[PDB]
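In structure tokens, one chain follows: the form deposited in one PDB entry.
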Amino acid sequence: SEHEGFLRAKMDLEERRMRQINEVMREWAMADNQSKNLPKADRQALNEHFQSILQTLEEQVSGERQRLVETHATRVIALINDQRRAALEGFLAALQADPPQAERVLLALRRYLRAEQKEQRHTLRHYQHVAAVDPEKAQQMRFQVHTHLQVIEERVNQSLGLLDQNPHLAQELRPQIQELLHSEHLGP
């Protein structure tokens, strides 16, 4: 599970780094106790030695976290994309069967819409997370999120357009689909 591995990956890093930080803080404390009677100019330079070590360490933690986050986001989006495409191909296949079967078509469409529901939720959840901790960044992606939602809606519309090519089948399934579109917030 991508969620499992990512969670414990952040955990291992939090643990590794908390030890390293403690060890540096430890060594910093020792050097102060050792140089407690040194002149002020001597003591300034010593602190600056350990501040320098911690800045590098802070930067490494920061870059480490950015990489962990971006890799995870890339994979989640990759999985969502693949679920959608796989579901589209399956749906297309149910449509193209001889003859088309309402059950198979319905189940296949159900998978496709569910993949798009997932894509919508993720798009909105992430936008909402960014707004919570970075309003300036949220303002910047605001229109791209909006655009993303339009792309999804247009996918759902185009898929419903394919089912409509078989008018009887579209009629036979319509009530169940309207129920599905309301529940997943995907229709028009």
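Rigid core: the largest C-alpha set superposing within 1.5 Å between the two forms. One rule holds for the numbers: they count along the sequence shown, beginning at 1.
Keep in mind the form deposited in another entry is missing from the figure; the text below concerns it.
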Candidates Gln144, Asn157, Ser35, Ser62 - which moves between the shown form and the other one, C-alpha at least 2 Å, core fixed
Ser35
Is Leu46 displaced by at least 2 Å at its C-alpha between the shown form and the other one when the rigid core is overlaid?
yes
Would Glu23 count as moving between the shown form and the other one, using a Cα shift of 2 angstroms or more after superposing the core as the test?
no
